[PDB]
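Comments concern the structure below.
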Amino acid sequence: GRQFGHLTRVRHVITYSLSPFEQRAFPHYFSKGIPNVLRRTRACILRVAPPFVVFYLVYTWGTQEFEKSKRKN
Amino acid sequence: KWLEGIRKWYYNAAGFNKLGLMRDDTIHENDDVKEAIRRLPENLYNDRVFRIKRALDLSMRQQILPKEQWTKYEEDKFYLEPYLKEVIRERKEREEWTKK
Amino acid sequence: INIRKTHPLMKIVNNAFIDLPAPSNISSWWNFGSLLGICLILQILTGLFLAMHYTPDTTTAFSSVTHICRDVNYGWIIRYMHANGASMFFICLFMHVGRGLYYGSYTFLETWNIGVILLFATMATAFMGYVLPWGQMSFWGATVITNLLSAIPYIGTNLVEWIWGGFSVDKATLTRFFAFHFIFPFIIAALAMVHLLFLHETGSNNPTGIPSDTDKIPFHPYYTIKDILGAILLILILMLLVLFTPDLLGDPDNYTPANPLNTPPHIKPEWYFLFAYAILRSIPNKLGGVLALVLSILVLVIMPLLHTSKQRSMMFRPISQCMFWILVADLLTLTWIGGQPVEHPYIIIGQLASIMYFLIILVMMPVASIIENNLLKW
Amino acid sequence: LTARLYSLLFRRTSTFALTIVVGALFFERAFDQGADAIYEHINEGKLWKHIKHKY
Amino acid sequence: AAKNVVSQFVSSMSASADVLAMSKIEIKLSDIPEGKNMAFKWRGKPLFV
Amino acid sequence: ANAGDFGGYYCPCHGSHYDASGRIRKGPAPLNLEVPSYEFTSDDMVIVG
Amino acid sequence: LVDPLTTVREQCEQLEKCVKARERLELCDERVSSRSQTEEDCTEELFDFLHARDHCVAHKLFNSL
Amino acid sequence: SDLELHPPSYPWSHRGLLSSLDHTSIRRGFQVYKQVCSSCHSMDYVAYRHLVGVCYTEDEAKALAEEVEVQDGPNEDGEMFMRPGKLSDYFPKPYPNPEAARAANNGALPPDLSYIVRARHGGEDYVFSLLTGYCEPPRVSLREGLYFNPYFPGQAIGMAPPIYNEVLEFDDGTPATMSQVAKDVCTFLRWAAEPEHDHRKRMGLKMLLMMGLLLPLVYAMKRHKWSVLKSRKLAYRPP
Amino acid sequence: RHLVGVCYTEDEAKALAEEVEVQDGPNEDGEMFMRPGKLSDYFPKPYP
Ligand code: HEC
Ligand code: HEM
Ligand code: HEM
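Residue numbers (the deposited numbering), protein chains in the order written: chain A, 1 to 73; chain B, 11 to 110; chain C, 2 to 379; chain D, 5 to 59; chain E, 50 to 98; chain F, 148 to 196; chain G, 13 to 77; chain H, 1 to 239; chain I, 49 to 96.
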């Protein structure tokens, strides 16, 4: 929370960083980005979507039952 | 018993064996857990901060490790639990001494 | 040595915007702090121009607003910026709250409580501003919510004839709501500074919930250009909303003048307050309805007192993850039910959605948490 | 193509400020030309300029 | 002194004098046909007959 | 007027099923309608206060 | 005067949905003529016929106009 | 009944995401509004200076304003004489009071046509179908004081159908059917609702060219300055 | 109504305000009509 210097304690850890003018802007943005987005999609839709298909069923069923209540008359 | 099968499937699908973390790299830190982290040998503590820094790196790039380096459930070297039990026992003993 | 590290202003700017240690992991969901800040100063500026062209009286308010949107140069785009900026302000506010609830950042106490006070303040401010155009929906919204304040026994009726400015929605009500809408965002800015102060005391979070004390990167110039990117995305969404379909979110029923005799059939809030109105009319009791609404936002106060798990985030707990997405779909269901009329299937599933909201929060989070605490041998 | 551009307009800072001002003015001119061109190209016919030319 | 200043400001936010100038009326019922409602403004609220 | 499910007064805000007599049948209405101080004067008039 | 709208409306009710709606309105006419002096007075049939007819009018009108 | 009917989707000339209004159609609709609809309704917030550059020229604006004399202040005598009105007037209100509006109709306050496009559910298509679909009830007689038109909540309007096949026969050839007058008055009501549809679409087009330019490039700068952290690597040395 | 407690009683000021026509606004047909006026009237404008 404070400034740098007195936060943690690390022993021997080596970090390499390349220059930004040295390397490309988008490293393989259409050969790894598509498998990464399909992987992150496949690892989340089974936990996100089965409530939303229930919401879609509730919306359609409520529309159909309101039309059921009003389309006899 | 099949509840161990639930635990193995859960440790597979829980998402913290993906990033190369073991069981006690994801513990939430109140005062007790901060004390139990400070009570560690040096080699385990350096391995711990290294695995934590790799996890933050891999979640920064949102890339998850290859198949040959996932942490496996059979070799679950959970280590932080005895020190954390000792912290909880001494804390509850101090609380009971204050209550009576 | 340096200009920045000695000067009394630039130490504040240094501990805010330049050498603040921020974690190297935060995703796009940690942009909505800066997006709420930029939306707040954009609301203040465009509203200040609207307040330069506005005459707050019940005779000439609607006439003056029509004078803005026809005769003053660019008053139509400044008014549309103000209204749809309120809409995008509450989009980014609920995404901010959803982040802070999902990733376990409610283990912070004082930042969370000052947050909830900011939520109260922004909701009251946006309601008073929605009263200000003096249309039919604004008139009846003011009337019904002031009688909701009159619902409470022994305090209510005197308090409501006190803030009515008379005995109904008279001139004084429009002028009172002009003054309080025209002062409250400065208090919101001050409490936002207090919010940000307690944050910079503690330290931020990350999508793992592991404390990131090893890998802090400075705020400038990584997250500054990340927030510029977020701001450009927000301004293009806001401006496409105000330049292509400005009526796609706003009410059609506003644009009639305030006749206190008609009471239109489809009375409703502006769309951000639908679930507050859906908890209300799905309980057939007056005090029960207003108390259940106040208990909803006080349940958001309660939420730090039920963190009985032992991870921090919900990234690593799939059961609580699925229950949180059930909670999100249930709040969107409450918004949809509030934005409808009141008949028999709507009555039933409005009651069931409110019940399932309270059951998910107050019961299902600790039951999922104790199955988590049991299941990983802790 | 790029080397002359960096050698001229990007070593110093004042030259960079001068070229972003001059580029903003040239972009103003050409962009308003293109904008009115496209907008009165997709609404050919029902626009007030041709109806003024009737009179 | 503090509670009297607070009482005077709350009484400043209470009402006016000309808002307290609202009293009785007489309303005619002769115009209305069978089974229908007519409204009249009175104390800022409608008035059904 | 002439709405609801009893041929009477339907409040559209939250669904108070009143009637042309003015009594609640389903809804969050705590009481019935508000009675005035009305007094008949001879031919066609009624004093309202 | 040669009206285009009445031309489009007389030429668009050839479609099967509009035909079935026409017979729905005629059977409701038979119903209230049959159960005479009643309080159920041919709403849905006429609204459904206007629904289908004016939607096929919406599909294929403003070319001519 | 309370069986509302949604008006259909009509292919307007201002329906698309960049299309503009037809100013000749706005002019025809204003001639319609002057000679038909201005006898009952009111359009308070449309002054004659809005008509100077949009549809007409300036000369016929002075002509149309000097056709109708409105009102003026005291001639240092307190008598409130008649002024022709140069350009700064709003349109002449037919009825002074709302009670005066009820005192010549079957109750039935005529709504003010400045905002009827933006004020009702469904846009100008609602006004088109309300002007068009006058038909007959199957069985429901109501009082014979009002008329039947199904695109209406309550299903009984109090407005006589004010069109009926060449009541105007205006300037060019363009014979007044129901269709031409209804299309022109819907276009004119959309104009009177939003006075700046054209300039809105212009700034929308400039903005789409903006977000074609900037959005690859601010994102390119972000990717560039964040391309240090996206490729830093780690190693662990113990003693 | 300012004079209701200062230098008159309530009934006397009602008489003094019922002596003067007001020309209130519309009625059901709605041209205009004069009115006695109890207290909500100002002191009415000898020259308009
Ligand atoms: C006098 C006979 C009228 C003329 C000429 C026109 N209108 Fe009218 N209109 C009139 C009345 C008395 C009413 C009120 C009926 C009600 O119950 O509200 C109306 C109503 C309208 C409406 C609104 C209806 C609604 O959807 O609620 C519109 C849009 C309208 N009138 C438009 C309109 C136009 C465009 C006219 C010229 C062609 C026109 N009206 C003529 C009375 C009269
Ligand atoms: C008035 C509107 C609000 C504004 C302008 C605002 C502003 C901010 C800002 C600028 C930050 C720091 C940046 C960030 O972490 O995203 C922040 C953090 C935070 N706010 Fe708010 N906030 C508002 C409302 C709320 C509300 C209603 C809550 C919920 C109670 C809340 C809870 C939090 C939390 C938990 C954090 C820390 C998040 C983290 O470190 O990851 N805020 N807020
Ligand atoms: C102190 C800063 C603010 C000022 C000066 C201000 C000023 C105004 C003015 C003059 C109006 C009337 C114009 C109109 O109705 O379109 C208005 C309306 C409104 N304001 Fe604000 N406002 C401020 C802050 C906010 C904030 C913070 C919000 C919420 C995000 C907000 C939401 C609204 C809304 C919803 C309306 C109604 C808009 C409409 O219906 O057209 N305002 N404001």
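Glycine included, every Cβ here is placed at the ideal spot set by N, Cα and C.
Between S139(C) and chain J, is any beta-carbon pair separated by less than 8 Å?
Of the chains in the structure shown, none is chain J; the protein chains are A, B, C, D, E, F, G, H and I.
What is the residue span of the beta strand (DSSP E) that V170(C) lies within?
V170(C) -> no beta strand (DSSP E), and no H or E assigned at all.
Indicate whether at least one CB of chain C lies closer than 8 Å to the CB of residue 82(A).
Nothing can be reported for residue 82(A): it is not among the residues displayed for chain A, which extend from 1 to 73.
CB of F109(C) to nearest heavy atom of ligand 2: below 7 Å?
yes
So what's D72(I) in DSSP terms, helix, strand or just coil?
strand
Could you work out which residue in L363(C), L353(C), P346(C) and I361(C) is closest to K70(A) when comparing CA atoms only?
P346(C)
Within 10 angstroms of its Cβ, does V117(H) collect 16 or more other Cβ (buried), or is it exposed?
buried
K58(D): buried (16+ other C-beta within 10 angstroms of its C-beta) or exposed?
exposed
Outcome for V54(E) when other beta-carbon atoms lying within 10 angstroms are tallied against a minimum of 16
exposed
At the level of alpha carbons, what is the spacing between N85(C) and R177(C)?
23 Å
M211(H): first and last residue of the uninterrupted alpha helix (DSSP H) it sits in:
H197 to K225
Let me see if you follow: with CB-CB separation under 8 Å, is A51(E) close to chain I or not?
no
According to DSSP, is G38(C) helix, strand or coil?
helix
Neighbour-count burial assignment, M62(E), 16 or more Cβ in a 10 Å radius:
exposed
Using CA atoms only, rank isn't needed, just tell me which of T203(C), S370(C), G289(C) and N263(C) is closest to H308(C).
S370(C)
Using the C-alpha atoms, what's the distance from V181(H) back to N179(F)?
50 Å
Distance cut-off 7 Å: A84(C) Cβ against heavy atoms of ligand 3:
yes
By DSSP, does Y236(H) sit in helix, in strand, or in coil?
strand
Determine the burial state of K183(H): buried for a count of at least 16 other Cβ atoms within 10 Å of its Cβ, exposed for fewer.
buried
List the DSSP bridge partners of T15(A).
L234(H)
What does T41(A) reach in chain B if we use C-beta pairs closer than 9 Å?
Residues of chain B passing the Cβ test: none, with the nearest at roughly 12 Å.
If the criterion is Cβ atoms closer than 8 Å, does the pair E169(H) and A160(H) meet it?
no
Can you tell me which of the three DSSP states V167(H) falls into?
coil
Taking Cβ-Cβ distances below 7 Å as the criterion, which residues of the segment 7-32 of chain A are in contact with chain H?
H12, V13, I14, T15, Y16, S17, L18, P20, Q23, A25 and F26
To the nearest angstrom, how far is it from the Cα of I153(C) to the Cα of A125(C)?
18 Å
Which same chain residues, not among the five before or five after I218(C), have their C-beta less than 7 Å away from its C-beta?
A23 and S25
Pull the bridge partners of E66(H) from the DSSP assignment, please.
According to DSSP, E66(H) bridges with nothing at all.
Taking Cβ-Cβ distances below 8 Å as the criterion, which residues of the segment 216-232 of chain H are in contact with chain B?
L229, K230 and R232
Short Cβ contact (8 Å threshold) for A259(C) with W135(C)
yes
Close Cβ partners of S151(C) (< 8 Å) along its chain, the five nearest in sequence each way excluded:
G157, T158, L160 and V161
Counting beta carbon pairs with one atom in the segment 184-195 of chain H and one in the segment 26-38 of chain H, are three or more of them shorter than 8 Å?
yes
Using a C-beta cutoff of 8 Å, does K62(I) count as contacting chain E?
no
Measuring alpha carbon to alpha carbon, tell me which of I163(H), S114(H) and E144(H) ends up nearest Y90(H).
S114(H)
Determine the direct distance from the alpha carbon of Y45(H) to that of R71(C), and round the result to whole angstroms.
9 Å
With the cut-off set at 8 Å, would you say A88(E) and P82(E) are in Cβ contact?
no
Using a cut-off of 8 Å between C-beta atoms, extract the partners of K311(C) located in chain B.
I37 and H38
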